[PDB]
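# Architecture at a glance
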There are 4 protein chains.
Amino acid sequence: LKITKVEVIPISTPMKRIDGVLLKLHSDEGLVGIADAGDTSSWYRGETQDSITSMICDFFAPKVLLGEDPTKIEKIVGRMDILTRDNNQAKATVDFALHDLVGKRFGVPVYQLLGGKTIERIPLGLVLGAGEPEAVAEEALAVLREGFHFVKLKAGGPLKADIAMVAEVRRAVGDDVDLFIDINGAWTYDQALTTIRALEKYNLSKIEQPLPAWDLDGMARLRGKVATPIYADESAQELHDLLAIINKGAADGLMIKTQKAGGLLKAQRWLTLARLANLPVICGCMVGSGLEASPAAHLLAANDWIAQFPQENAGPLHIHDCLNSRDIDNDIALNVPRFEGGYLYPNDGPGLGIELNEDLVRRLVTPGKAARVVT
Amino acid sequence: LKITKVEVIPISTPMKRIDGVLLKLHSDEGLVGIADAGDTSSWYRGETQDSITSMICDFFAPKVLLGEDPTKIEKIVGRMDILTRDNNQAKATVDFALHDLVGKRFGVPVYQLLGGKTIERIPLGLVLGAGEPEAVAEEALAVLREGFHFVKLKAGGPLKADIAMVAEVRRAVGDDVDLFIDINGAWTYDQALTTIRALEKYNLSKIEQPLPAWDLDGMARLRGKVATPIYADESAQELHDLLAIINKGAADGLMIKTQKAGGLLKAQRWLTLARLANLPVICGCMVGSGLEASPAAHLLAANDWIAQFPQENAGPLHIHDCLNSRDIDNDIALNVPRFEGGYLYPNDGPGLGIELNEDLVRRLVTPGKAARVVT
Amino acid sequence: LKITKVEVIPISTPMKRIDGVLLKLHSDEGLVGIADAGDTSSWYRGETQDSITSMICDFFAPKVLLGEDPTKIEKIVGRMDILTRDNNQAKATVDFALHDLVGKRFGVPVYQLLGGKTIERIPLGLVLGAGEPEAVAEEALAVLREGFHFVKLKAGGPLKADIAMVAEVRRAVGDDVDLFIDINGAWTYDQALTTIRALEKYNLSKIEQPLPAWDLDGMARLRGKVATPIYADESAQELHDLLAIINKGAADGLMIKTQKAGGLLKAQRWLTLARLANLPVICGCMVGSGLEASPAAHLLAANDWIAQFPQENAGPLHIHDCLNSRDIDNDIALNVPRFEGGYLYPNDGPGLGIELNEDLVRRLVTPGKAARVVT
Amino acid sequence: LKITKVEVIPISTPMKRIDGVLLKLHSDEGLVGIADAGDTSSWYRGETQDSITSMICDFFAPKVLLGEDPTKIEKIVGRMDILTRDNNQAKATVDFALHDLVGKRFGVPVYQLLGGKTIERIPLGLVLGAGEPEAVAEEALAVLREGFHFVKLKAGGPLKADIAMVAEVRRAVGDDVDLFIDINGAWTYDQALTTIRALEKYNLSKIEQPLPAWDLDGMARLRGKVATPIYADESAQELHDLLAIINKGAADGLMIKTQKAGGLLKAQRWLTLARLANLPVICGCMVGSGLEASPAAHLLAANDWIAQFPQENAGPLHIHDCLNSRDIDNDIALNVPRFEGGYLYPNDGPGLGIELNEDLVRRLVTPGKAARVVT
Ligand SMILES: [Ba+2]
Ligand SMILES: [Ba+2]
Ligand SMILES: [Ba+2]
Ligand SMILES: [Ba+2]
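Calculation rules
Residues numbered from 1 in each chain as written, not as in the entry; some residues may be left out. Chains lettered and ligands numbered in written order. Part of a larger assembly, values for the part shown. Heavy atoms only, no water. Helix = DSSP H or I, 4+ residues; strand = E, 2+ residues; numbered from the N terminus. Areas by Shrake-Rupley, 256 points an atom, 1.4 Å probe, with all protein chains shown as cover. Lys, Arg positive; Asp, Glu negative; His and termini not counted. Charge placed at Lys NZ, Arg CZ, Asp CG, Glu CD. Contact = heavy atoms within 4.5 Å. Buried area = accessible area lost by both parts, 1.4 Å probe. Salt bridge = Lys/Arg side-chain N within 4 Å of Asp/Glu carboxyl O. Pairing = 2+ DSSP bridges. Axes fitted to C-alpha atoms, helices over the stretch in contact; angles between N-to-C directions. Buried < 20%, exposed > 50% of the residue type's maximum accessible area, 1.4 Å probe, protein only. Right-handed = clockwise from strand over helix to strand, strands pointing away. Least-squares fit on C-alpha atoms. Polar contact = N/O pair within 3.5 Å; in protein donor to acceptor, adjacent residues only side chain to side chain. Nonpolar A, V, L, I, M, F, W, Y, C, P; charged D, E, K, R; others polar. Parallel < 35°, antiparallel > 145°, perpendicular 65-115°, else oblique. Left-handed = near helix turned anticlockwise from the far one by under 90°. Domains from an automatic or database assignment. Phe/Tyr/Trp six-rings, centres within 6.5 Å; stacked < 30°, edge-to-face > 60°. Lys NZ or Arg CZ within 6 Å of the ring centre and 35° of its normal.

## Observations concerning the overall build of chain A
Of regular secondary structure, chain A possesses 14 helices and 14 strands. Across its three principal directions, the C-alpha atoms of chain A cover 60 × 45 × 40 Å. Summing over all exposed atoms, chain A offers an accessible surface of approximately 13400 Å²; the carbon and sulfur share of this is 49%. In chain A, which carries 40 positive and 50 negative side-chain charges, the distance between the mean positions of the two groups comes to 4 Å.

As structure tokens, this is what we get:
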């Protein structure tokens, strides 16, 4: 009923390291809302363990959270946006914890707070790791054999390397497989035009964010010079970005991340615009534990618009480098959401439905750092 | 955990008559979700007791509701939209009942399902009834005396009559009172320009929907030839309408109605667009009982964006011809939400927080009609 | 010379059921104007037997029709539009009966009131019934043998099924046949782009309404990614919709339905915009009797613009499961308009030129329902 | 049933001379459709007695009219448009006679073919003749005394002269009188800006076509620099002109002339665009007899859109230089439409309801010219 303690724990996870943060919102009635920010990326989000910890502990905690009723999510989300510019991941982390606390308080899974369980399970697609073309092709076949619905490749370059990678993978998987690449906005306009055209013979279902996030005119110009659908990820962050994207005709589809959107509530608003745009939405993740994947799992199962498309919320599979969750027993979440046969099933327990492995969390606290508590 | 019976009751409520419909969604575990569609308007909404009854009983009931889990609001709202074009009021009614049922099932007020109680009370303004200018001016003073925050006049015409009314009211109340008029989209472009300019000396705060709902280009042209702010009501119904409004610059403010939007969930999406447009929003009502006013009361108290502006959700005051709810003793709602000092307070009981006077409901069933039940 | 009673009859006609309504406008001089609303579609139009019956009987009858001169069509159509939002089908029905009454009064066929008999007969195309690809291809060949001018397929999905259907039909009919599909606005942007490109090898003449009625920006964006012409049906309802379509370049062609347009008079206005846009127009129907097909038959033979293109007004052929009218003898219309050799011939008698089988009409009254009369 | 003879009579009517043409479409069953093209204007329309006579007799007659069924108005109008560019007044004349013949054949007034009699009478406004401002002011007072609804002035020039005229008239008539001026597209952009601003102190209800017909950019630019509403006349001729006007926001209102539009059918289409634009429309005339006034009289009483505004169809009052029609005995129409108390009443006889004064017609044949007949 009242938040009385805000605790931020800096953790580092090895994968085969991921620097993230865990948040605990203690209430005056025993219940504790928890959340995992997921990995931190200087280029994709621009937030770090320390920026997230300071913004939550030095600002959100004393100015918005302490003494507040956690059920007032619209209110808190609004106050955080007024108080702070950007810091989407920090805000998202708090939002996740609030929903967890509220769900625990009302005795219901978070998807019940997000509109109900629209679908029982979420079909998933997966991104492959870097490697030699022959190796990436082998990993692709393994992903498909497991049941995944699409294969996504990262395009580091040079051109010769990207072409070789795509050609080998397409050769192995066949022409019926949904195969696309992600550029992370690394190309100049000319690079994009040249490379996308050189790849046309491989029939990729789409090209994800080929140009910089801010180059909306470029994305629109590109779409008028190439056949391959162009999806926006980094470009589609805020509500006004989405408006600009539809107005400039800068995309054929969209990617979302709960941390990019700024939280579950902000994600719902984000999805309202995607719906208005009548565009497909694929949700990814900020590589993290079973707790990091939970907010999205609940959202992807509840949101009617996003419930229409295959997803990419598979942080745990990336950290534990495997294709399903039965092959995972040392995650900070004792009960990692179920990943099976290419599908994600959201947990059904109260709140986010995650029980933390407290001893592992203690063992994974970032060397040289410590948890911070605010009351 | 399942809806087993859909009941629609046609009622006629005398003023000081309002033809509407009540909805009852019976679950297999005793709980019943209730809702009041409110008044029906052929020109404002285009729906009637009969259209709502048939769309709910002949379509939504067998195809979407019966046998479904009422907590799956996102899912149900989506299916109703795919199944049926328009019929926003019928859809809203179902949405209202669902939220009421879910709230009762979870033991929480609907505002908790809409993001929490952002504000404890809602400042209200009121629309005055037709009459001689002197009489209208007197009701205005009575309204302000009670604490209400603004006075809205309905402009019926002709020109000389509209000027007389506004002139008398402005004289009576003073220059520091928020006064504005509603045209309900009755003017041709020229009439608008002429009248608005003729009224300028009275410094109205705004003109509500001067042109037809579909004339967005005209609304934009108008804002180019007059000083007075132009607000859209009938023009702002669907999500794509709001997009068009912001793209064309067809409005300085917006009017919403839960029945127009299509339900609470649809209204939340509607308000996401209002937020993006950074425009004020004033919620009205389809003149009804305390039950009709409840969904809006919950939304107006929860939604962060709309919690910033004074509202106009006061149907019970109009039916019972009073300025505060202590003076209401014969409403279908045994516990009419509190209307006091110009403020609206949402009930805090589970669901919509309304207890029906089953005896009065039976007495108000529209003559010649009967309740309909579907299993 | 004066409407003295409005009668609405709810009927259900079995296939080889269709729920519609019949309208009778009795005059004080013996003449009676009749009309058939045709089938009712929750998703396509949003009107039902009850909604139409109530708007006509509870609103149009006492407020606009009773005591009025039926020849004042411009006036009545205007008042109906001021009085009621949407309800296009109900309005259309009244318009049809008025034209029938005025025609009977002047002793002339309705086409004379619509500008004269521009063409003698109307070339037709036909939509095929659902079924296995092989079965649909067989029906397609039967259709072409009778003389029909094009074959339209309803695309339901999933992708593989649509491709299978189209592939098989094209194989059987050959490359010289005009073949196209109708999506009824069921696709999201990506689905459309994907499926449309996947079907290019079958050279469809066009894709009818691939995206939602409201997604004009999507329709335009789509036209920028595919070669196949894109036609609008659901998107082209009101005059302002048509304006938006020409301004946005959202279509290569249009489809109309008298019931969608809102009546014969509004259909002429609709066609004035089609002319200005210099776009082809194919008129469909709300599947019904010879009476339902008559208003459209008169319009398609009279309107100079629409008389340039093949049409799809063949409700009686669908109800009675045949390819020509000589094979019909149990329709509510004793004299069903001539459907022969792939052409539709408007009747030449006064008004709509239809004489009802009163006995069958009484036999088809919807079980549990009853005709309504207002004086 | 069939047109067997086309007759065109060149006439010159002195005023208080006007060069026009009369048309007679003879049928094989005795009935004859008649029409008066009205005055000819080289600058406003660009057609003459000779151009009209030749286009009708040398082209329309042999290629479209002779041997055709006059009831096929949509067809005939379409064929004339395909066969001939421009020549709107000639096409209009033929259209007028067709409606007259059809009305005569069916035994109904033309307004019955145009949608019925929406209004009983047409409120009128009047344009004043040139002269000294004192003289113009007296004429204005007499006009208002008769009951006319507005006063229109012609802007001759230079600026000093226009100011004096407007100031004097405005002084004599009062502030509550609808007063405006017509420039006939005679100004360059700078002239308009200057004169309109110099006239702002007189509160003219609008400025009619201040810039050239083709200068739509200028009309839009002008509205961006002055408060006075700008109406389009010469700029609003064809359907595509109307579209360009609404897209560019070049007008606050519109003026129409049946001869400019190209006939009654083309006028109805013209008015459909006016309706879509939600703009007022004032119909003028090409100074002529009671026969020239008849087509418009029927149209202004029938068309629902134009029946909303005061009109300026008063040819006979100009030719006979009077304020009502009781004082008219020597017009080529024996029964001039009733012009009384500032209102115009359409005739109720078959067709256009006009009987020609054959003796006067022969007396008015243009000196040196003769009637032309084609079979
Ligand atoms: Ba990316
Ligand atoms: Ba309103
Ligand atoms: Ba369709
Ligand atoms: Ba002029």
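## Let's talk about the interface of chain A and chain B
When the parts of a complex come together, some accessible area is lost, and that lost area is often used as the size of the interface. In this assembly, 28 residues from chain A lie in contact with 27 residues from chain B. Summed over both partners, the interface of chain A with chain B comes to about 2400 Å²; 60% of that surface belongs to carbon and sulfur atoms. Considering only the side of chain A, the residues that lose the most area to chain B are A:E74, A:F106 and A:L276, jointly responsible for 23% of the buried surface there. Our enumeration of links across chain A and chain B arrives at zero salt bridges.

## Examining the sheet that holds strand β8 (residues 207-208) of chain B
Strand pairing in a sheet relies on backbone hydrogen bonds. The paired strands run either parallel or antiparallel. All names here are of chain B. Overall, parallel pairing links the seven strands, which are arranged β5-β6-β7-β8-β9-β10-β11 in an open sheet. Unpaired on one side and paired on the other, β5 (126-127) and β11 (281-283) mark the two borders of the sheet. Relative to strand β9 (residues 230-232), β8 is paired through two bridges, and the arrangement is parallel. Looking across to β9, one finds that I207 is bridged to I230. Each of β6 (151-154) and β7 (179-182) is contacted by helix α6 (residues 159-173), which is oriented at about 160 degrees to β6, the strand it contacts most.

## Let's talk about the pairing of β7(B)
Residue and element names in this part refer to chain B. Every second residue of β7 is oriented toward a common face, with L179 and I181 on one face and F180 and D182 on the other, all of them buried. Sheet analysis places β6 next to β7, joined by four bridges and oriented parallel. Counted as the bridge partner of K152 is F180 from β7. Viewed along the sheet, the connection from β6 through α6 into β7 turns out right-handed. With helix α7 (residues 189-199) bridging β7 and the parallel β8, this β-α-β connection has right-handed handedness.

## Remarks on the relation of the copies chain C and chain A
Overlaying chain C with chain A gives an RMSD of 0.2 Å, the required rotation being 90 degrees about an axis along which the chain moves by 0.1 Å. Read as a symmetry element, the transformation amounts to a four-fold axis. For chain C, the smallest separation between a C-alpha atom and the rotation axis is recorded for C:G224, amounting to 5.6 Å.

## What about the interface of chain C and chain A?
Listed as interface residues are 12 residues of chain C and, on the opposing side, 16 residues of chain A. Summing the contributions of chain C and of chain A, the shared interface buries around 1000 Å²; its carbon and sulfur component is 47%. At the surface where chain C touches chain A, the tally comes to zero salt bridges. Applying the counting rule to chain C against chain A returns six residue pairs in polar contact. Of the residues assigned to the side of chain C that touches chain A, the class counts are six nonpolar, one polar and five charged.

## Topic: the packing of helix α1 (residues 49-65) of chain A against helix α3 (residues 88-106) of chain A
Residues and elements named next belong to chain A. Between α1 and α3, the least distance of the axes is 10 Å, while the angle of their chain directions is 55 degrees. Considering their axes alone, α1 and α3 lie oblique with respect to each other. The handedness of the crossing between α1 and α3 comes out as right-handed. Every residue of α3 that contacts α1 at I52, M55, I56, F60 and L65 is listed here: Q89, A90, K91, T93 and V94. Split into classes, the residues belonging to the contact of α1 with α3 amount to seven nonpolar, two polar and one charged.

## Some words on the domain arrangement of chain A
Residue and element names in this part refer to chain A. Looking at chain A, the domain boundaries give domain 1 (1-109 + 349-375) and domain 2 (110-348). Inter-centroid distance (C-alpha atoms) of domain 1 to domain 2 is 25 Å. Contacts between the two partners involve 47 residues from domain 1, matched on the other side by 44 residues from domain 2. Buried surface at the junction of domain 1 and domain 2, summed over both partners, amounts to about 3500 Å²; 64% is from carbon and sulfur atoms. On inspection of domain 1 and its partner domain 2, the count reaches one salt bridge.

## Brief notes about the packing of aromatic side chains
Following the criterion strictly, the structure yields 12 aromatic pairs over all chains and no others. Here B:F150 and B:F180 contribute two aromatic rings whose centre-to-centre distance is 5.3 Å and whose plane-to-plane angle is 45 degrees, an arrangement assigned as tilted. Of this pair, B:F150 sits in the loop between α5 (133-145) and β6 while B:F180 sits in strand β7; the two residues are 30 residues apart in sequence, bridging distant segments of the chain. A:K206 extends its terminal NZ or CZ atom over the ring of A:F180, reaching a point 4.3 Å from the ring centre. If you follow D:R338 out to its NZ or CZ, it ends over the ring of D:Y345, 3.8 Å from the centre.

## Here we look at the pattern of salt bridges
Inspection of every chain in the model, using the stated rule, returns 93 salt bridges over all chains. Between A:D233 and A:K257 there is a salt bridge; the shortest N-O distance is 3.3 Å. In this pair, A:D233 is assigned in the loop between β9 (230-232) and α9 (239-248) and A:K257 in the loop between β10 (253-256) and α10 (258-261), connecting sequence segments 24 residues apart. Just as A:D233 is buried, A:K257 falls in that class too. Between B:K260 and B:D233 there is a salt bridge, and its shortest N-O distance comes to 2.6 Å. Within this pair, whereas B:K260 is found in helix α10 (residues 258-261), its partner B:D233 is found in the loop between β9 and α9 (239-248), the two being separated by 27 residues in sequence. B:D233 matches B:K260 in its accessibility class, with the two residues each being buried. Connected through salt bridges with shared partners, the residues A:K152, A:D182, A:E208 and A:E312 form a single ionic network.

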